[PDB]
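What follows is a set of notes on a single structure, which appears directly below.
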Amino acid sequence: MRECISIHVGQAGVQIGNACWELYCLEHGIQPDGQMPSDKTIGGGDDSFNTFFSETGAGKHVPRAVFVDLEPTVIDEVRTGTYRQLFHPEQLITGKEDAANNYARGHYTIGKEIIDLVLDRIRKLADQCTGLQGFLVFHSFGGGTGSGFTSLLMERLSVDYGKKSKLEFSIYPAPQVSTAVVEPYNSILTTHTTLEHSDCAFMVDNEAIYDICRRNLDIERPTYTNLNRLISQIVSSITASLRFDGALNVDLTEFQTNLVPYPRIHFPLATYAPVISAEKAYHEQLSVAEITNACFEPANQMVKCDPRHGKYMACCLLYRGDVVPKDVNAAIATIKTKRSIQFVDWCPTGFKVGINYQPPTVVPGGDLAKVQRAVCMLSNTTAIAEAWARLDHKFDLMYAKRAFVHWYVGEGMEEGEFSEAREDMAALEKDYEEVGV
Amino acid sequence: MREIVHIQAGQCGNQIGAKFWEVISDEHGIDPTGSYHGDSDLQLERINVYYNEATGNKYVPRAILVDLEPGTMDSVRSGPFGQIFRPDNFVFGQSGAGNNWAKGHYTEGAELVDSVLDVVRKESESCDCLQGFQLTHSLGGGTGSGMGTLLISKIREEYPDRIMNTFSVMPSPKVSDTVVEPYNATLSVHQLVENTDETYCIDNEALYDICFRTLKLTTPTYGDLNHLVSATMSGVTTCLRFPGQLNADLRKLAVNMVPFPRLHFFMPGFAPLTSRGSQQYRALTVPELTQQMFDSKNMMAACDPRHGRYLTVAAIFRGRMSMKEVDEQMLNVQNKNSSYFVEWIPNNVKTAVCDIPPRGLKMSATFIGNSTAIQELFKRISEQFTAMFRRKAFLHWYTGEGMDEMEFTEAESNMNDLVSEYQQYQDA
Amino acid sequence: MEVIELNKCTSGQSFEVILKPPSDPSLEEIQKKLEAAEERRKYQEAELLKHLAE
Amino acid sequence: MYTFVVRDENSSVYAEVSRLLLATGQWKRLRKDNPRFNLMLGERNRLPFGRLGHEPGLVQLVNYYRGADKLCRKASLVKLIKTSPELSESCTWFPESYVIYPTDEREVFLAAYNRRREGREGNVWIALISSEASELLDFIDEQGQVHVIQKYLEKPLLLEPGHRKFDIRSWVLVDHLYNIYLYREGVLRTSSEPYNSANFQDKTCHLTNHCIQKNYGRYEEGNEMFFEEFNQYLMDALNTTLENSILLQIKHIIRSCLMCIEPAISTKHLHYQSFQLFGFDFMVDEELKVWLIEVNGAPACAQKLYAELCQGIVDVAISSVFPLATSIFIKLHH
Ligand SMILES: CCCCCCN(C(=O)[C@@H](NC(=O)[C@H]1CCCCN1C)[C@@H](C)CC)[C@H](C[C@@H](OC(C)=O)c1nc(C(=O)N[C@@H](Cc2ccc(F)cc2)C[C@H](C)C(=O)O)cs1)C(C)C
Ligand SMILES: Nc1nc2c(ncn2[C@@H]2O[C@H](COP(=O)(O)OP(=O)(O)OP(=O)(O)O)[C@@H](O)[C@H]2O)c(=O)[nH]1
Ligand SMILES: Nc1ncnc2c1ncn2[C@@H]1O[C@H](COP(=O)(O)OP(=O)(O)CP(=O)(O)O)[C@@H](O)[C@H]1O
Ligand SMILES: Nc1nc2c(ncn2[C@@H]2O[C@H](COP(=O)(O)OP(=O)(O)O)[C@@H](O)[C@H]2O)c(=O)[nH]1
Ligand SMILES: [Ca+2]
Ligand SMILES: [Mg+2]
Ligand SMILES: [Mg+2]
């Protein structure tokens, strides 16, 4: 057994974190108390779930988690909410005034004054790990803390834990629930600085999740609660192999090995199915063929893009529920004849498949319906570069006028970091096009 | 606890400031004595933004009342909410400023300013994490314009990394006949361009025209004008006072609204426009709020939005309504009127919804625009200013207090530069 | 076409299926970037206070 | 009020569409970089498909299919016909073609070429035209970009009086639902100077472009015979009709080509929608057998037909998606 530390930075990171840990506790039969009746080794263990949970002598199962935000409001809701005795107060770190949707303010101004304290509290979790494998970092691209502080943290984690893997779950900005007009700036900045320090990063466009919630859960105007509970399902499907017995993606290095052959192009596309409204009565259960065919619809992806106009260099299918290999391979055979699935010439056309027999857990009284089988496809496709093009265009429109740049220069950032960040993204867009056509 | 320190200076500033405190105290269920008597925890969650909490369970506005004459502050003390304010936060002289910016800034105001700063300091020390300051004042008089700007300058020296926010009432010949108001206003705008982060341009031209034309009040009082100011001030501070996602503090608001540091003068709007006592029995639809809040007749600055382009916009809706319908309607406005929103700032309109409405309205909407059309307001002041200044008329009132013509020329230059700067980004 | 690497346990199973074959800065440098930012920020504030003192 | 943007100013076809959309009084033209449009009449090259369909409260539509280049580039079409099982090497209506890169399937070309020498049969190929291989390979190596060696049709159908070569242009509109609409009016782009068997030097009788014919305009106005007159010629001189002898084969070729790529380019369950006007170029041999020459992604129209065709693009491609306040097309059913 090898431990994984989760780190939650900013409002988005923190609030997505809560959704994730609530869901993990339900999946493992852990209570808000922290007690886990089914666990028979009291005071410790080397079970698969112990990758995410340490244990106390009183039998309390406690997340390998630190929550960091530069303002107390949201982390206070964790301190006083349903799962409050789950966490030790040294895991919940808060500042006084936030980064004001300013990368520079999060990275330089407040990042310098808070970074040593955060590495200290991360170090206190690493010390109680027998074989720490790495970090799962949750954050937004658009917030100042989420962008600015995260990129700094990642740079430091490379110094202090050079051999350890670092995975991201990054929230890509969308105008329908965005809170700032400079989110393109912040996204480009933190991506440029974090690129060398991230081994594999899962991008979730809030636009995609918002539309999935409208279209498939029949929600008129999705809140963050609606979004986060869907995000948590996708994150759980992805982390299940670390928390449960299995032989696919069982340590963080395997995510890189299986999904990321080029280090820079480390942004696999996630696609999830089925997403079914709970308040919908009479629902025809979708077959293995139908949910597996749904993994090639843009409308089920975490980022809206078109894999047909691009190339795959890796593809994992992660099933949860009543599924056997016979029906998966039959589904793939049909799908290959009906759809456009080009791999790059230097990779084999193929699929790594993991099945856990337990179907997805739902949050009780939630928006998602219980289902007999579900799947998350993790595909490294060049079509995700569309997301970079959109973001890079919005950047260019603002930056050509130097709009809002004074806010960043005012916190000590040089104007040249903008154009360095931008031309790094130009090179990334070029790397993707070179691989893809 | 992200505290704002409020300052009100001069007749106008103290009058609109007093009305701000009446209105928000009522929305937060604070009575004239400071006691909470509300029926919702949403009123108290962010009460500390504007109120100190004293012993008992009493709430004292973090408010500093400043003037160079006693009249308006005796009126505020004698008024219904007057007992709510801390008595040591009334700082007043006896001389007056005689509607003279030089007297407020340099001579009469210089004598009182240190005792104001002591009260500001004491209020600031008591804050867990001060975010900044808001000032209410007119630019056309002496104390509010001259001393108000001096105070801004001094506060910036002591607190250079905090946000400075003003509610600045622009003079109009429809409301005042004092001949020297363009001088006072131009001098004050010179100060505001350098030393504020966010200024709400509340234009007496617009306030009067709304009262006369739309509200059909043929003899408007200052009270009728202020009724529109207090509603706007409630509206634009909602996001600071209630739990919310968008523009929750002064700095975030500034980062969303101000793409270049000098262009920080905002054009506020409000729907529905009401007069006091005349009841709105009919609640507005989300479509009507959205049409009206963007309408030229609902703007508190006398500027034609069609003569410019919006750099940034904050729209804030209040009451219980469909969020879906707000989104549709806001998206509808900017897609149907696409050419008025600069293409070089993507997604520059941000929308907030707060469940709690103002008193007497079920539905309301408050607009905050950084539009290049605000140049028309400055151009009007500039024309009035230049007409006098080219013959040096009424200038002895200012030179007699020690000022030089050079200051006037500099102020004129900086404001004319501001105007051309808006024109630059209007044609980009 | 071809299944490989089939592993089974009580919780689930996993495998691979092939259709077709083929054809970091130091602690020091971080501090110097943070400190220079702070010096530029402190220079801006001192220049402001110089202008206000005038 | 709908809104649109114009990003190819050279398009003779979509200039008339924008003019007609403005004339309706329910469409407004925005400036090219304003993203808040319902319709993009997009640029020829580097079109930003990845930026489309991410504007809330706007149904967005573009006048190109992303991936339609695979049908419309010469080297791509040969590869597409060769490798797609639905078209295949066995495809009877596309001339024997080979992709040739300068200094690839040059080795496979020479094998089939040297079989025709032993066979004692017509061995002319086009790049441009020559019967000896040595000329063609050496022509490509010193030129620049990739080229196609395609079998030249020795035995064209010829019009009388004058003994002239021709090609047929058919315009096809593929809407957002992937209905395939053949415009009823096509056009024969004719040769004027008579067809010579031996003389390959004079590239005028052999290449039937509207521009390259510049005697000229003797037999018909601007070397453009339309379908009424060509049908009449077929009835008189050959005792057949246009519909029966040629048009069924065209209908077949068009539908076969567009069905093959439908999975790759359809916008059915996508976040933006596509339509596109194509120009199929057809050659007809002496046996009245139809042959595909090329597919053009951004065709021009013939001067007489602009008014009708462009009004049809508005009716079926645009007003189908964006409805307002006697059908010129034939629906090719699949
Ligand atoms: C003595 C110098 C006052 C200058 C007053 C300007 N106004 C006028 O109507 C004046 N007209 C002008 O100045 C004209 C005439 C020449 C051409 C153009 N000018 C502007 C008349 C009062 C002149 C006879 C009104 C304001 C005036 O309105 C009246 C009396 O009709 C005033 N309103 C008030 C007022 O609002 N009083 C409040 C309390 C109050 C509020 C604000 C204050 F600053 C002071 C007191 C209490 C009343 C009951 C209320 O709430 O309505 C006091 S004086 C402007 C809105 C145009
Ligand atoms: N999915 C999701 N997105 C969120 C959530 N909270 C914020 N966001 C998005 O993240 C961006 C804003 O960043 P935040 O994480 O709120 O900002 P922050 O990291 O707290 O940084 P500062 O507040 O600037 O210090 C916008 O794109 C929001 O839509 C959340 O709970 N879920
Ligand atoms: N295999 C073949 N057999 C007979 N004629 C052929 C032929 N290939 C091409 N042609 C002749 O050459 C002409 C032009 O060919 P093609 O359309 O491939 O070139 P092109 O694409 O450069 C013209 P444009 O650029 O305007 O679309 C045709 O009109 C046809 O008459
Ligand atoms: N809207 C409004 N304007 C006012 C009020 N009182 C004064 N003014 C305007 O403010 C200007 C005079 O400034 P005032 O505040 O009275 O002078 P001060 O006491 O020296 O600050 C003129 O343009 C007046 O019309 C008021 O209560 N409301
Ligand atoms: Ca155990
Ligand atoms: Mg935050
Ligand atoms: Mg006065």
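Basis: the model, the stated rules and, where named, an outside source; these are not laboratory values. When we count neighbours, we look across all protein chains shown, and the Cβ atoms used for this are built from the backbone with ideal geometry, even at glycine.
Take residue B:261 and decide whether it is outside any helix (DSSP H, G or I), in contact with a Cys (Cβ under 9 Å, 6 or more places away or on another chain) and within 14 Å of chain A (Cβ to nearest Cβ). Before the answer, list the steps.
On the way: outside any helix (DSSP H, G or I): yes; in contact with a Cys (Cβ under 9 Å, 6 or more places away or on another chain): no; within 14 Å of chain A (Cβ to nearest Cβ): yes.
When the stated conditions are applied, residue B:261 does not pass them.
Confirm whether residue B:228 is closer than 16 Å to residue B:361 by Cβ, of a type outside the set (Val, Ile, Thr) and outside the structural domain of residue B:345 (by CATH).
Details: closer than 16 Å to residue B:361 by Cβ: yes; of a type outside the set (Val, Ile, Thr): yes; outside the structural domain of residue B:345 (by CATH): yes.
In short, yes.
For segment A:76-108, which positions are within 12 Å of ligand 2 (Cβ to nearest atom) and buried (at least 24 other Cβ atoms within 10 Å of the Cβ)? Reasoning before the result, please.
At the first step, the residues of segment A:76-108 found to be within 12 Å of ligand 2 (Cβ to nearest atom) are A:77, A:94-107.
Result: A:98, A:99, A:100, A:101, A:102, A:103, A:104, A:105, A:106, A:107.
Before we move on, is residue B:130 away from ligand 4 (no atom under 13 Å from the Cβ), surrounded by fewer than 22 Cβ atoms within 10 Å (Cβ to Cβ) and within 14 Å of chain A (Cβ to nearest Cβ)?
Working: away from ligand 4 (no atom under 13 Å from the Cβ): yes; surrounded by fewer than 22 Cβ atoms within 10 Å (Cβ to Cβ): yes; within 14 Å of chain A (Cβ to nearest Cβ): yes.
In short, yes.
Kindly establish whether residue B:335 is of a type in the set (S, T, N, Q), assigned to a helix (DSSP H, G or I) and over 27 Å from the mean Cα position of the chain (by Cα).
In short, yes.
Look through segment A:256-289, keep the residues that are in a helix (DSSP H, G or I) and away from every other protein chain (no Cβ under 14 Å), and return whichever of them is farthest from residue A:372 (Cα to Cα). Break it down stepwise before answering.
Here is the first cut: in segment A:256-289, the ones in a helix (DSSP H, G or I) are A:256-259, A:288-289.
Checking the rest, the ones that are also away from every other protein chain (no Cβ under 14 Å) come to A:256, A:289.
Numbers: A:256: 30, A:289: 13 Å.
Taking the candidates together, the pick is A:256.
So which strands (runs of 3 or more DSSP E) are wholly in segment D:1-108 and hold at least 2 residues that are of a type in the set (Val, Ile, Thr)? Before the answer, list the steps.
Values: elements: D:2-6, D:27-29, D:39-41, D:97-100.
Because the criterion is at least 2 residues that are of a type in the set (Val, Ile, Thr), the strands (runs of 3 or more DSSP E) in segment D:1-108 that meet it are D:2-6, D:97-100.
Which of the helices (runs of 4 or more DSSP H) found entirely inside segment A:359-437 contain at least 1 residues meeting this: of a type in the set (A, V, I, L, M) and within 11 Å of another protein chain (Cβ to nearest Cβ)?
Fully inside segment A:359-437 and qualifying: A:385-399, A:405-409.
For residues that are more than 9 Å from ligand 5 (Cβ to nearest atom) and closer than 24 Å to residue A:81 by Cα, tally how many sit in segment A:16-50.
Quick first cut of segment A:16-50, residues more than 9 Å from ligand 5 (Cβ to nearest atom) only: A:16-35, A:37-38, A:48.
This time we only want the ones that are closer than 24 Å to residue A:81 by Cα, so: A:16-35, A:37.
Result for segment A:16-50: 21.
Just wondering, is there one or more residues in segment A:174-183 that are more than 7 Å from every other protein chain (Cβ to nearest Cβ), crowded, with 21+ Cβ neighbours inside 10 Å and touching a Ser or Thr at 6+ places or on another chain (Cβ under 7 Å)?
no
Go through segment A:122-148 residue by residue and tally those that are under 15 Å from residue A:13 (Cβ atoms), in a helix (DSSP H, G or I) and away from chain C (no Cβ under 12 Å).
The number of residues fulfilling the criteria is 5.
Please work out which residue is nearest to the other protein chains (Cβ to nearest Cβ), limiting yourself to segment A:109-121 and to residues that are within 16 Å of ligand 6 (Cβ to nearest atom) and surrounded by fewer than 22 Cβ atoms within 10 Å (Cβ to Cβ).
Taking segment A:109-121 as the starting set, the residues that turn out to be within 16 Å of ligand 6 (Cβ to nearest atom) are A:109-111, A:114, A:118.
From what is left, the residues that are surrounded by fewer than 22 Cβ atoms within 10 Å (Cβ to Cβ) are A:114, A:118.
Working: A:114: 12, A:118: 14 Å.
Restricting to residues being within 16 Å of ligand 6 (Cβ to nearest atom) and surrounded by fewer than 22 Cβ atoms within 10 Å (Cβ to Cβ), the top hit is A:114.
Could you go through segment A:27-48 and let me know if any residue there is closer than 30 Å to residue B:2 by Cα, surrounded by fewer than 22 Cβ atoms within 10 Å (Cβ to Cβ) and either more than 16 Å from ligand 6 (Cβ to nearest atom) or among the hydroxyl-bearing types (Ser, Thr, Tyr) (or both).
Quick first cut of segment A:27-48, residues closer than 30 Å to residue B:2 by Cα only: none.
No, that holds for no residue.
Hey, can you tell me all the residues within segment D:6-54 that are small (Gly, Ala, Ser) and within 14 Å of chain A (Cβ to nearest Cβ)? Working first, answer last.
Restricting attention to segment D:6-54, the residues satisfying the condition of being small (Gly, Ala, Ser) are D:11-12, D:15, D:18, D:23, D:25, D:42, D:50, D:53.
Passing the criteria: D:50, D:53.
I need a count of the residues in segment B:175-229 that are within 16 Å of ligand 7 (Cβ to nearest atom) and in contact with an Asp or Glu (Cβ under 9 Å, 6 or more places away or on another chain).
Within segment B:175-229, residues that are within 16 Å of ligand 7 (Cβ to nearest atom) and in contact with an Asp or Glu (Cβ under 9 Å, 6 or more places away or on another chain) number 1.
Taking segment A:27-68, which residues are assigned to a loop (DSSP other than H, G, I, E, B) and either touching a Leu at 6+ places or on another chain (Cβ under 6 Å) or within 16 Å of ligand 3 (Cβ to nearest atom) (or both)?
Restricting attention to segment A:27-68, the residues satisfying the condition of being assigned to a loop (DSSP other than H, G, I, E, B) are A:29-47, A:52, A:56-60, A:64.
Once the filter is applied, which keeps residues that are assigned to a loop (DSSP other than H, G, I, E, B) and either touching a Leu at 6+ places or on another chain (Cβ under 6 Å) or within 16 Å of ligand 3 (Cβ to nearest atom) (or both), segment A:27-68 yields A:34, A:64.
Would you mind finding the one in D:195, D:233 that is closer than 20 Å to residue D:286 by Cα, surrounded by 15 or more Cβ atoms within 10 Å (Cβ to Cβ), hydroxyl-bearing (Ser, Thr, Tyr) and more than 16 Å from ligand 3 (Cβ to nearest atom)?
Numbers: D:195 fails: more than 16 Å from ligand 3 (Cβ to nearest atom).
When all the criteria are applied, what remains is D:233.
Hey, any hits in segment D:81-94 for a residue that's under 17 Å from residue D:146 (Cβ atoms), surrounded by 15 or more Cβ atoms within 10 Å (Cβ to Cβ) and assigned by CATH to the domain that holds residue D:253?
Of all residues in segment D:81-94, those under 17 Å from residue D:146 (Cβ atoms) come to D:81-83.
Narrowing the set further to residues that are surrounded by 15 or more Cβ atoms within 10 Å (Cβ to Cβ) leaves D:81-82.
Restricting the remaining residues to those that are assigned by CATH to the domain that holds residue D:253 gives D:81-82.
Looking for residues that are under 17 Å from residue D:146 (Cβ atoms), surrounded by 15 or more Cβ atoms within 10 Å (Cβ to Cβ) and assigned by CATH to the domain that holds residue D:253, one finds at least one in segment D:81-94, hence yes.
Determine which member of the set A:332, A:341 is within 19 Å of residue A:383 (Cβ to Cβ), within 11 Å of chain C (Cβ to nearest Cβ) and in contact with a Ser or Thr (Cβ under 9 Å, 6 or more places away or on another chain).
Working: A:332 fails: within 19 Å of residue A:383 (Cβ to Cβ).
Only one candidate passes the filter, namely A:341.
In segment A:336-390, how many are acidic (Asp, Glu), touching a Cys at 6+ places or on another chain (Cβ under 9 Å) and closer than 25 Å to residue A:426 by Cα? Break it down stepwise before answering.
Of all residues in segment A:336-390, those acidic (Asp, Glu) come to A:345, A:367, A:386.
If we keep only those that are touching a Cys at 6+ places or on another chain (Cβ under 9 Å) too, we end up with A:367, A:386.
Cutting the leftovers down to closer than 25 Å to residue A:426 by Cα gives us A:386.
The number of residues fulfilling the criteria is 1.
Any residue in segment B:163-187 that is on the phi < 0 side of the Ramachandran plot and more than 14 Å from chain A (Cβ to nearest Cβ) sitting within a Cβ distance under 9 Å of a residue that is within 16 Å of ligand 1 (Cβ to nearest atom) and aromatic (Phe, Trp, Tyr)? List the pairs, counting only those 6 or more apart or interchain.
Matching pairs, first to second residue: B:167/B:20; B:172/B:208; B:174/B:208; B:174/B:212; B:175/B:208; B:175/B:222.
Given B:3, B:27, B:45, which one is in contact with a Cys (Cβ under 7 Å, 6 or more places away or on another chain) and either more than 16 Å from ligand 1 (Cβ to nearest atom) or assigned by CATH to the domain that holds residue B:161 (or both)? Can you show your working first?
Working: B:27 fails: in contact with a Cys (Cβ under 7 Å, 6 or more places away or on another chain); B:45 fails: in contact with a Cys (Cβ under 7 Å, 6 or more places away or on another chain).
Every option except B:3 fails the conditions.
Can you find even one residue in segment D:173-184 that is within 30 Å of residue D:103 (Cβ to Cβ) and outside any loop (DSSP other than H, G, I, E, B)? Working first, answer last.
We begin by selecting, within segment D:173-184, every residue within 30 Å of residue D:103 (Cβ to Cβ); these are none.
No: segment D:173-184 contains no residue that is within 30 Å of residue D:103 (Cβ to Cβ) and outside any loop (DSSP other than H, G, I, E, B).
Scan segment B:160-188 residue by residue and report those that are of a type in the set (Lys, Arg) and either more than 12 Å from ligand 1 (Cβ to nearest atom) or under 15 Å from the mean Cα position of the chain (by Cα) (or both).
B:162
So which residues in segment C:14-34 are over 30 Å from the mean Cα position of the chain (by Cα) and either basic (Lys, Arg) or more than 30 Å from residue A:314 (Cα to Cα) (or both), if there are any at all?
Residue satisfying the conditions is C:20 alone.
Any idea which of (1) buried (at least 18 other Cβ atoms within 10 Å of the Cβ); (2) out of contact with any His (no Cβ under 7 Å at 6 or more places or on another chain) is the one residue B:160 doesn't satisfy?
Among (1) buried (at least 18 other Cβ atoms within 10 Å of the Cβ); (2) out of contact with any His (no Cβ under 7 Å at 6 or more places or on another chain), residue B:160 violates only (1).
What number of residues in segment B:250-278 are surrounded by 20 or more Cβ atoms within 10 Å (Cβ to Cβ) and farther than 21 Å from residue B:289 by Cα?
Step one: filter segment B:250-278 for residues surrounded by 20 or more Cβ atoms within 10 Å (Cβ to Cβ), giving B:250-259, B:263-271.
Filter once more, so that each one left must be farther than 21 Å from residue B:289 by Cα: B:250-259, B:263-265.
Residues that pass the stated criteria total 13.
Return yes when residue D:239 is buried (at least 20 other Cβ atoms within 10 Å of the Cβ) and either more than 30 Å from residue D:80 (Cβ to Cβ) or within 14 Å of chain A (Cβ to nearest Cβ) (or both) and no when it is not. Show your work before the answer.
Values: buried (at least 20 other Cβ atoms within 10 Å of the Cβ): no; either more than 30 Å from residue D:80 (Cβ to Cβ) or within 14 Å of chain A (Cβ to nearest Cβ) (or both): yes.
Considered against the rule, which asks whether it is buried (at least 20 other Cβ atoms within 10 Å of the Cβ) and either more than 30 Å from residue D:80 (Cβ to Cβ) or within 14 Å of chain A (Cβ to nearest Cβ) (or both), residue D:239 comes out as no.
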